[PDB]
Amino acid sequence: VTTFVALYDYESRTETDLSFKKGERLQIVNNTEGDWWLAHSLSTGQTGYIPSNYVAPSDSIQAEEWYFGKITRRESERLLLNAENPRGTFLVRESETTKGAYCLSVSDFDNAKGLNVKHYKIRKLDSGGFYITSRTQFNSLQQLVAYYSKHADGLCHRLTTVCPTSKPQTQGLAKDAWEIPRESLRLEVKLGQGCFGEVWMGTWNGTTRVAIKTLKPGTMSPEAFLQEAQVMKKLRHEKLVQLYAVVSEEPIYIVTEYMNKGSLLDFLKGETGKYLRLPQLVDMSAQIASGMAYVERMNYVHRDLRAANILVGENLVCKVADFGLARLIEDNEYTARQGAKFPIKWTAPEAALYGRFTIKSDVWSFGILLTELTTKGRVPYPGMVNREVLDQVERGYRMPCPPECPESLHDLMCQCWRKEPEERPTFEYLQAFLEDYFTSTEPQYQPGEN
């Protein structure tokens, strides 16, 4: 029987879940690959559902605060480069270069590079021992961290600070919570107004902060909504806004992850946003491309990709929002890709002309989104009204290179805007291109042989 330990505090939301404190010991009914486990506390003896991502086996590597598992080099750098982190802030992760190996990622400063992250491979020997340098070996990652927490001994710096972890969202609000009562939601702060409804910050069952989108009655069939919502429910990625729950009865409420920095469009035309440098803008582009590459892998289609439907979190985290919904709009104009509410400036010609919405028409939309990113959120086709856009683009008009956009990114936009959808790049390629946009001759890792 496995004893689990709580990685974070969890506050009870229902009559059937179990509250616990970080460090609390728990046992479960079944080690399912589900999001919620039936548990009891070895501390309190209380019984209830717990979020499975809030625990790890006791004395597991996953139980360590500094162990971040399958995080990429890029995402580790995002966390480590936070300006609140002292020099020597660190985490350990799986290598993405070498199977079964690990990586020590440490925040450093030198006048040569300023704030930077050093990456050290931790080789695991087939014989079982761990090392960065073959001359200093350890029976465990715990002993390796304990050691370099005292002496740098070749490292850029001593391990001072465990990289802070933002407390993770649960997968779903509660076990089998999906179609929820309207009265379980409180709408607190109006965040904004779209063409088809409003979005509120609010609470589920009193205490869980969520975003709530309220659709005007007549917007979409509750029947069609629930069928699509079952597809949307299956989409799970770090760069997609989670769909939590629905109120199926009109007026339809859509409950999603609250993103505290708002839309990318407003962010770009804001205080932090309007002074962002190209490398920051390319990193945001690469995050959006990764979310859409997941959409692509899942054989799904966004249908409304634009800066307004990217939401921003801490550390310039960008997530894709409002995927799939556009198909369900009943409005006759919108359905005909016509009228004041249709985003013609983001729409591939074959989608606008024939209603052929595919991942390739989302690639077109991504190219337009790149113009928003490189012009601080300027409206595409600035000198044109919506009623004249499709005519121009079908005749082969394309936006020129924005004034502060490098030609290479404009060339990428032009590939996204190929007349033939099958000639447009994949999101897989767009993500690989944008992630490797800037080249360095710098060592990928710090060589272990010193």
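Residue numbers here begin at 1 and follow the sequence given.
With 123-131 and 234-242 compared on mean CA B-factor from the PDB entry, the stretch scoring higher is 123-131. Higher average CA B factor: 29-37, of the stretches 379-387 and 29-37.
Of the residues listed, 114, 192, 367, 262, the entry assigns the biggest Cα temperature factor to 114. Within the selection 202, 313, 270, 349, the deposited Cα B-factor values reach their highest point at 270. In this PDB entry, the Cα temperature factor of residue 415 sits in the bottom third of its chain's modelled residues, the lowest group. For residue 47, the recorded CA temperature factor ranks within the lowest third of the chain's modelled residues. Per-chain ranking of the deposited C-alpha B factor places residue 435 in the lowest third. Residue 222: CA B factor in the highest third of modelled residues in this chain (values from the PDB entry). In the PDB entry, a CA B factor belonging to the lowest third of its chain's modelled residues is recorded for residue 345.
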